[PDB]
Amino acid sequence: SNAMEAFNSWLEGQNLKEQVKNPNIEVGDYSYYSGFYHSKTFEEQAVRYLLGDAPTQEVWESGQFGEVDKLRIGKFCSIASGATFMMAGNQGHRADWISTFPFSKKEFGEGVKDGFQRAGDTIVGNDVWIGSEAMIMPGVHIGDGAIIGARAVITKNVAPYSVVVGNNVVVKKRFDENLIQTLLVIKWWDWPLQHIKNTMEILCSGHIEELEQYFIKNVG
């Protein structure tokens, strides 16, 4: 028989907050990875080159690395199969040095300088839908409510409630600016769970103004 896979069907999603173990990843409530078509868990397949994962754990716990770029994911995010977070910044390749090659001191002597540069944290905000096989490059911030298209290659920050495909192409904003601004103040992802339950009929609709009134009367 063959080696098991992480998912038994594409009907299944994995709650990330209950699963993730890398101290360098932070994932908020309800966010899930539906990874059936790429076989492996979120931490072994989707999050790449993050020190402290399974293949680098023993090396990370030696404590000789210093701080690295972290991956922070908000609440209520939908991460589709094969979506990829590229960590570890430039992975030691300096486009501004004469060579991008990572000469080893073992082969090229003591003149070698380390070209690793942090890119900063990768941040995914709340209520973000990341389509299948999108690739998120180091250091980007994807604002709340954004949609990343399948196969998108995201190298720039994504404004809240933007829809972005391909080579950072913003194809629309989900709502008008005034209503976007409204969702960013009331922040329904931060409400107590019973208030989200109570307003579920409004969240499964386009009536932002109804949502804003529920906030005024009940949440505040």
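The first residue of the sequence shown is number 1, and the count goes up from there.
Enquirer: Between 20-28 and 194-202, point out the one with the higher average CA B-factor as the PDB entry records it.
Expert: Mean B over CA atoms: larger for 194-202.
Enquirer: Taking only the CA atoms, which stretch has the higher mean B-factor in the record, 121-129 or 106-114?
Expert: Comparing 121-129 with 106-114, the higher mean C-alpha B-factor belongs to 106-114.
Enquirer: Return the residue from 41, 162, 155, 64 that has the highest Cα B-factor in the entry.
Expert: In the PDB entry, the greatest C-alpha B-factor among 41, 162, 155, 64 is found at 64.
Enquirer: In terms of recorded Cα temperature factor, pick the maximum from 50, 169, 46, 179.
Expert: Out of 50, 169, 46, 179, the record gives the largest C-alpha B-factor to 179.
Enquirer: Mind checking which third residue 36 falls in for C-alpha B-factor across the chain?
Expert: As the PDB entry reports it, the C-alpha B-factor of residue 36 lands in the middle third of its chain.
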